[PDB]
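Peer 1: Chains as they are written, first to last, in my numbering: chain A, 317 to 524; chain B, 16 to 535; chain C, 11 to 218; chain D, 690 to 793; chain E, 317 to 524.
C-beta atoms are modelled at their ideal positions from N, C-alpha and C, and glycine is treated no differently.
Okay, here's the structure, questions in a sec.
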Ligand SMILES: OC[C@H]1O[C@@H](O)[C@H](O)[C@@H](O)[C@H]1O
Ligand SMILES: OC[C@H]1O[C@@H](O)[C@H](O)[C@@H](O)[C@H]1O
Ligand SMILES: OC[C@H]1O[C@@H](O)[C@H](O)[C@@H](O)[C@H]1O
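The following block contains the structure:
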């Protein structure tokens with residue numbers, strides 16, 4: 317059974333080369349802060365300032381963070397990449413598997429000038445996936461915040477926000493507002509772990 | 016198994032639209048403080064002070080808090096409300112399911128000027144429901160403290176208190192005192208969770224639609240009636256006015272004279288107030304000219320009153336003084352706030368079957384005529400129920416109450432709440448919650464006096480309420496397009512029903528439920 | 011049973027209502043009384059102004075008679091000032107009448123003229139017997155849900171206001187049934203009748 | 690069918706009621722009219738004063754018109770003196786109206 | 317299973333009126349201090365002081381506390397007492413059931429002038445019952461310290477002591493000393509709970 321004194325899962329990094337499959341895996345350590353003091357916030361940029369008409373936007377910045385593994389260097393060591401590109405004409409993803417485990421939650425307080433950090437055992441986190449693609453899909457825009465290339469680094473989970481139709485800085489009628497707490501999500505304490513599986517749709521081999 | 020390191024339940028917010036059912040669910044995060052330092056307290060207000068005889072009360076304020084989900088905006092997003100009111104004639108609740116989970120309990124202490132908060136793992140909370148309705152039922156009075164409309168907000172559980180029979184500020188013999196610790200309750204630590212199910216008693220669908228016909232126009236415009244009415248009592252066109260009885264069939268020419276099977280709903284008049292300021296009288300008539308009912312020597316303003324049309328055709332600006340529900344815009348003060356802050360609801364759609372709130376129900380005769388005496392017809396300001404009378408209930412709103420508890424009494428007439436809602440004889444049980452008190456260190460030598468020193472403490476956690484709604488699908492042969500509830504097309508500074516720059520959610524306008532039409 | 015709560019006090023004494031009412035129609039504290047509409051949430055301070063779901067039972071007024079003799083008028087109003095109903099050219103005294111509270115708080119001595127059941131003490135004459143012989147029943151307990159028999163049901167407006175005309179509110183002496191209205195039936199007594207036969211008719215309203 | 694009994698006459702003509710009513714509020718036969726409360730049981734003598742379980746049906750009044758012409762007033766009151774109900778700013782004559790006896 | 321994060325039992329207060337039985341139940345919250353700094357102490361009062369010969373005693377005061385429910389108001393609300401005495405000639409107890417649950421144990425320390433209190437998860441308490449009546453029976457002397465009449469109060473468990481044969485303040489040869497740690501007892505941490513059942517011996521109805 318789960319508990320505060322037993323680990324949720326194990327560290328895994330490998331590249332398993334078998335036949336025509338290569339299974340690459342990566343594990344990282346992350347730190348997820350509290351964004352916007354738990355607030356949704358309208359964000360916008362108008363032409364009123366030094367901005368031009370091209371740079372205007374309207375959107376919302378949420379408290380939620382998100383994982384981005386979308387860069388290759390996350391899943392391949394430079395040697396694993398070398399085996400790939402030297403020996404092979406093409407490669408395409410088949411399926412992925414994703415895990416959250418070993419969750420520590422820590423409350424930090426300020427007393428005079430000294431900082432102190434202590435475990436909070438009863439606090440939770442909320443993790444959902446959008447399976448039905450009912451959110452603005454923010455990946456694929458080549459934003460920062462991916463898992464580090466090098467497994468020993470700890471990384472910070474980026475904040476989630478999205479952009480919507482605008483006219484200038486003002487919002488039009490078709491502008492959408494998405495409340496992310498309105499999805500079903502799974503709440504995890506320090507003994508809980510999160511996992512799901514995904515299977516890529518058939519896609520033509522990248523031609524290397 | 017449960018423990019400090021495993022979550023009790025999961026976050027859920029959805030609207031599941033399947034067939035004639037819609038299952039709406041909501042989860043929030045709450046914080047429950049310690050009220051009255053764990054004391055029951057008599058509270059009362061007498062006429063001795065500046066108070067009048069109408070405002071006096073006697074009652075008790077408990078430590079217990081309670082959950083109130085009774086407003087619609089708790090269970091529906093503004094989009095889920097739009098699917099509802101556009102596509103459907105009626106809806107009624109079927110069953111609900113309610114959950115407490117992920118309970119954190121935290122003790123806070125003061126050292127010099129610095130505050131610190133730390134988990135207390137062994138502390139509990141007490142949660143019971145009154146299933147048998149053995150408590151004053153405090154819901155349905157449209158009090159604050161409901162779950163926020165917007166799921167990201169954390170809310171504070173309101174304190175529970177109740178009022179009892181009084182004479183002045185003093186209590187009479189039939190005054191009841193209820194000790195809430197005297198019920199069985201369930202005590203929960205941080206790994207425990209609480210749940211119960213409830214099933215609504217069969218209740219008539221709230222009718223969301225407008226009539227496409229006024230009540231008096233149900234006639235055929237083409238054909239005359241075979242019935243006769245008394246058109247003229249005096250000889251016409253003659254040099255002498257000697258009376259003669261002359262009769263006529265009513266027809267398309269005079270419809271107001273036709274015989275009709277049905278009468279408008281009952282009328283209890285309101286005072287008329289115009290939004291344009293120069294039209295209203297100069298005085299304060301708000302309380303004095305108000306429509307009141309007198310109960311046990313106390314004049315109680317009638318609010319909102321019986322369901323009655325707000326205004327007649329082509330008068331937008333007039334509204335009944337107490338007649339309409341009034342909602343405040345986000346961040347509106349509690350005292351003497353200007354007109355621009357409140358959102359006045361209006362009933363346009365019941366003009367067909369219901370009388371205008373600010374005008375007389377009709378006219379009746381005050382005397383028996385004679386050749387000597389002229390006929391005199393008096394106005395009817397108040398009209399109770401008469402046979403062959405039809406009316407519409409007040410419209411529910413996205414901000415308004417869902418249900419109310421039909422008082423337990425010998426008799427009632429059309430038991431539906433005047434605020435609008437579903438009158439229920441056994442409403443959802445009200446859920447009471449409290450922090451179990453933890454004593455501060457007692458003395459080392461015994462003393463009978465009860466312990467007045469407690470650890471300052473509060474608890475937080477997650478609450479889920481899931482209601483299954485039954486829908487009445489719209490089936491109509493109407494050719495031309497319906498009116499729908501549509502958001503504004505033109506550009507805006509910020510989106511409606513969404514957070515502003517600073518993070519504050521706001522609801523721009525009240526959304527009534529009836530855009531659809533039916534034949535009367 | 012009696013209700014432990016009055017009908018208008020069903021509210022929570024602690025919490026304000028999210029509904030607003032019209033508190034003041036005139037500019038307050040200003041040297042000029044120019045009208046302005048001002049709204050307020052009702053709360054523990056003013057309970058009489060809160061929005062309420064339910065209304066008192068129907069009212070058909072009675073004449074008020076005081077047991078203390080010097081308070082009553084000097085005349086015989088028993089038949090003349092009585093509350094009667096006129097059926098087929100015959101005026102029939104309304105006795106006991108609809109169920110209505112006998113008297114309000116801290117008035118013991120007043121009773122409705124025809125409103126209450128009246129039982130005689132053992133060996134009481136049939137004609138013009140003194141007050142001391144009869145036993146007046148009284149309804150204290152329906153004061154919560156029912157109006158007092160000797161007072162008006164309420165007050166309604168008699169006119170449509172204008173800048174020229176002041177608002178005028180008329181009294182409601184008789185009130186039939188309205189939606190959202192609750193009442194208690196008259197109390198049975200040890201000396202009183204057990205049942206009655208509901209006449210056979212097309213329609214009846216709350217046949218008790 | 691018609692009822693063979695009026696609503697107020699459902700009583701027994703033979704027997705008195707054990708209930709009392711307020712017959713007289715003033716001292717009778719005395720040189721001074723000082724008020725005194727006096728009670729009586731209703732009986733065959735005064736039936737109009739008896740206690741009754743039931744009340745007549747609801748009433749919404751109509752104007753009275755006589756077929757004999759000289760009795761009616763001289764004017765046209767047909768529309769003006771009519772019993773109307775006001776719905777959405779339109780005055781609609783109440784016809785035939787609630788069920789009520791035509792004449793006594 | 318028991319643990320620090322799961323409650324031991326539930327709150328119960330009721331009066332169940334069924335036939336000729338009435339089952340009354342009560343739950344309270346208590347606080348048990350540390351008496352005598354964990355010491356047994358001889359206590360005595362002699363005539364040497366202002367005391368007279370009538371007021372002299374010899375006995376021992378223990379660290380142990382004890383529960384006293386022996387007063388009626390513990391088991392009956394004033395309404396439950398009213399149903400009892402109005403409708404019934406006699407009543408006698410049949411059986412009782414007794415429970416300890418939801419035990420918090422807290423260590424308090426002094427630092428300068430500031431007090432602080434914190435959970436001690438590993439500390440225990442010792443609870444036994446004397447079934448064989450091998451102790452001085454201290455109940456029935458109408459001492460204070462019963463459960464409060466009103467369920468919302470928290471009460472303090474009284475200290476346990478007893479008196480023994482004396483001559484003056486001095487002890488005679490038949491004086492007994494009872495060490496309460498010399499009984500078998502059950503030791504409870506914060507997840508443990510204590511319960512036992514008892515069945516009254518047949519006793520004549522109290523005649524009300
Ligand atoms: O002066 C105006 C006030 O009059 C009081 O009787 C009443 O409690 C208030 O609601 C307000 O009407
Ligand atoms: O003079 C007083 C009397 O008046 C009569 O009309 C009536 O029958 C009596 O009950 C009494 O009221
Ligand atoms: O002049 C008399 C006429 O008055 C009108 O208002 C009405 O339409 C007619 O039915 C008739 O009453």
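(1) Helix, strand or coil: which one does DSSP assign to residue 97 of chain B?
(2) Identify the continuous alpha helix (DSSP H) that holds residue 87 of chain B and give its terminal residues.
(3) Going along chain B, which residues have a C-beta under 7 Å from residue 438 of chain A?
(4) Could you have a look at residue 705 of chain D and say whether DSSP puts it in helix, strand or coil?
(5) Do residue 363 of chain B and residue 325 of chain B have their CB atoms nearer than 8 Å?
(6) At which residues does the beta strand (DSSP E) containing residue 483 of chain B begin and terminate?
(7) Got a sec: does ligand 3 put a non-hydrogen atom nearer than 7 Å to the Cβ of residue 32 of chain B?
(8) Only counting the same chain, and skipping five residues up and downstream in sequence, which positions put a Cβ closer than 7 Å to that of residue 92 of chain C?
(9) Is residue 272 of chain B near ligand 3, with its Cβ less than 7 Å from a heavy atom?
(10) Let me check understanding here. Comparing Cα to Cα, which of E:343, E:369, E:381 and E:403 lies closest to residue 333 of chain E?
(11) Our contact map puts residue 77 of chain C next to residue 30 of chain C with C-beta atoms below 8 Å; I'd like the distance itself, whole angstroms only.
(12) Cα separation between residue 499 of chain A and residue 142 of chain B?
(13) Is residue 351 of chain B near ligand 1, with its Cβ less than 7 Å from a heavy atom?
(14) By DSSP, does residue 308 of chain B sit in helix, in strand, or in coil?
(15) When you compare the CB of residue 790 of chain D with every CB in chain B, is at least one pair closer than 8 Å?
(16) Quick check: the Cα distance between residue 378 of chain A and residue 115 of chain B, rounded to an integer number of angstroms?
(17) Label residue 60 of chain C either buried or exposed according to how many other C-beta atoms from any shown protein chain fall within 10 Å of its C-beta, with 16 as the threshold for buried.
(18) Buried or exposed, going by whether 16 or more other CB atoms sit within 10 Å of the CB of residue 434 of chain B?
(19) Run through chain B and tell me which residues come within less than 9 Å of residue 356 of chain A, C-beta to C-beta.
(20) In chain B, which residues lie with their C-beta within 8 Å of the C-beta of residue 326 of chain E?
(21) Report all residues from its chain with a CB closer than 6 Å to the CB of residue 172 of chain B; omit the five preceding and five following residues, and keep chain order.
(22) My output table needs one value for residue 318 of chain E: the three-state DSSP class, helix, strand or coil.
(23) Does DSSP classify residue 375 of chain B as helix, strand or coil?
(24) Is there a Cβ of chain E sitting closer than 8 Å to that of residue 15 of chain B, yes or no?
(25) Which whole-angstrom value describes the C-beta separation of residue 445 of chain B and residue 153 of chain B, a residue pair presumed to lie in contact below a C-beta threshold of 8 Å?
(26) By how many angstroms is the C-alpha of residue 198 of chain C removed from the C-alpha of residue 405 of chain B?
(27) Taking the beta strand (DSSP E) that residue 357 of chain A belongs to, which residues open and close that run?
(28) Please report the residue range of the beta strand (DSSP E) in which residue 433 of chain A lies.
(29) List the whole-angstrom C-beta distance separating residue 129 of chain C from residue 145 of chain C, where the pair is believed to meet the contact cut-off of C-beta under 8 Å.
(30) So, helix, strand or coil for residue 526 of chain B, using DSSP?
(31) Could you check if residue 176 of chain C belongs to the surroundings of ligand 2, using beta carbon to heavy atom distance under 7 Å?
(32) Need the endpoints of the beta strand (DSSP E) that residue 448 of chain B sits in, please.
(33) Kindly confirm or deny that the region 186 to 194 of chain B and the region 59 to 77 of chain B touch, where touching means at least three C-beta pairs closer than 8 Å.
(34) Compare the C-beta of residue 218 of chain B against all C-beta atoms of chain D and say whether one is closer than 8 Å.
(35) With a CB to CB cut of under 6 Å and the five nearest residues on each side skipped, what residues in its chain are close to residue 97 of chain B?
(36) With residue 122 of chain B and residue 133 of chain B assumed to form a contact (beta carbons below 8 Å), what rounded beta-carbon distance in angstroms separates them?
Peer 2: Straight from the coordinates:
(1) Translated into positions along the second chain, residue 97 of chain B becomes position 82. The answer is helix: DSSP assigns residue 97 of chain B an H, G or I state.
(2) As a first step, residue 87 of chain B must be located in the second chain, where it is residue number 72. Here the alpha helix (DSSP H) through residue 87 of chain B covers 87 to 90.
(3) On the first chain, position 122 is the one that residue 438 of chain A refers to. Within chain B, the residues near residue 438 of chain A are 19, 119, 134 and 205.
(4) As a working mapping, residue 705 of chain D is identified with position 16 in the fourth chain. In the structure shown, residue 705 of chain D sits in coil (DSSP, three-state: anything other than H, G, I, E or B).
(5) As a working mapping, residue 363 of chain B is identified with position 348 in the second chain. As a working mapping, residue 325 of chain B is identified with position 310 in the second chain. The answer is yes: Cβ separation under 8 Å.
(6) Here the question's residue 483 of chain B lines up with position 468 in the second chain. 472 to 488 is the span of the beta strand (DSSP E), which, as asked, contains residue 483 of chain B.
(7) The residue you call residue 32 of chain B lines up with position 17 of the second chain. No - ligand 3 has no heavy atom lying nearer than 7 Å to the Cβ of residue 32 of chain B.
(8) Translated into positions along the third chain, residue 92 of chain C becomes position 82. So the list reads 73, 103, 123 and 124, once near-sequence residues are dropped.
(9) The sequence position of residue 272 of chain B within the second chain is 257, counting from 1. At least one heavy atom of ligand 3 is nearer than 7 Å to the Cβ of residue 272 of chain B, so yes.
(10) The sequence position of residue 333 of chain E within the fifth chain is 17, counting from 1. Closest by alpha carbon: E:403.
(11) Here the question's residue 77 of chain C lines up with position 67 in the third chain. Here the question's residue 30 of chain C lines up with position 20 in the third chain. Between residue 30 of chain C and residue 77 of chain C the Cβ distance is about 45 Å, and since that is not below 8 Å, they are no contact.
(12) Taking the first chain and counting its residues from 1, one reaches residue 499 of chain A at position 183. Taking the second chain and counting its residues from 1, one reaches residue 142 of chain B at position 127. Each residue's alpha carbon lies about 27 Å from the other.
(13) Here the question's residue 351 of chain B lines up with position 336 in the second chain. Outside the cutoff, so no.
(14) For the purposes of this step, residue 308 of chain B is taken as residue 293 along the second chain, with counting starting at 1. Strand.
(15) Counting from 1 along the fourth chain, the entry for residue 790 of chain D is found at position 101. Chain B contact via Cβ: absent.
(16) Walking along the first chain from the start, residue 378 of chain A turns up at place 62. Walking along the second chain from the start, residue 115 of chain B turns up at place 100. If you take the alpha carbons of residue 378 of chain A and residue 115 of chain B, they lie about 26 Å apart.
(17) The residue given as residue 60 of chain C occupies position 50 in the third chain. Flag for residue 60 of chain C reads buried.
(18) Residue 434 of chain B sits at position 419 when you count from the first residue of the second chain. Residue 434 of chain B should be labelled buried.
(19) The sequence position of residue 356 of chain A within the first chain is 40, counting from 1. Going along chain B in sequence order, the residues near residue 356 of chain A (Cβ under 9 Å) are 165, 167, 513, 514, 518 and 520.
(20) Along the fifth chain, one-based indexing puts residue 326 of chain E at 10. Correct list: 199, 200, 201 and 202.
(21) Here residue 172 of chain B refers to the residue found at position 157 when the second chain is read from its first residue. For residue 172 of chain B, where only same-chain residues beyond five positions count, the Cβ hits under 6 Å are 45, 47 and 80.
(22) If you number the fifth chain from 1, residue 318 of chain E lands on position 2. Coil, per DSSP.
(23) As a position in the second chain, residue 375 of chain B is number 360, starting the count at 1. Correct three-state label for residue 375 of chain B: coil.
(24) Examination of residue 15 of chain B is not possible in this model, given that chain B is present from 16 through 535 alone.
(25) Mapped onto the second chain, residue 445 of chain B falls at position 430. Mapped onto the second chain, residue 153 of chain B falls at position 138. That pair is a contact at about 6 Å.
(26) Position 390 of the second chain holds residue 405 of chain B. Position 188 of the third chain holds residue 198 of chain C. Taking the straight line joining both Cα atoms gives about 34 Å.
(27) Position 41 of the first chain, counted from the first residue, corresponds to residue 357 of chain A. First-last of the beta strand (DSSP E) with residue 357 of chain A: 357 to 361.
(28) Here residue 433 of chain A refers to the residue found at position 117 of the first chain. Note, residue 433 of chain A: beta strand (DSSP E), 430 to 435.
(29) Locating residue 129 of chain C in the third chain gives position 119, counting from the first residue. Locating residue 145 of chain C in the third chain gives position 135, counting from the first residue. That belief holds up - the Cβ atoms of residue 129 of chain C and residue 145 of chain C are roughly 5 Å apart, short of 8 Å.
(30) Locating residue 526 of chain B in the second chain gives position 511, counting from the first residue. Three-state result, residue 526 of chain B: coil.
(31) As a working mapping, residue 176 of chain C is identified with position 166 in the third chain. It does not: the Cβ of residue 176 of chain C is nowhere closer than 7 Å to a heavy atom of ligand 2.
(32) Position 433 of the second chain, counted from the start, is the residue given in the question as residue 448 of chain B. 446 to 450 is the span of the beta strand (DSSP E), which, as asked, contains residue 448 of chain B.
(33) yes
(34) Residue numbering aside, residue 218 of chain B sits at position 203 when the second chain is read from its first letter. So no, residue 218 of chain B is outside the interface.
(35) The residue given as residue 97 of chain B occupies position 82 in the second chain. Excluding sequence neighbours, residue 97 of chain B sits near 500.
(36) The residue labelled residue 122 of chain B in the question sits at position 107 within the second chain. The residue labelled residue 133 of chain B in the question sits at position 118 within the second chain. Indeed, because the Cβ distance is near 6 Å, the residues count as touching under 8 Å.
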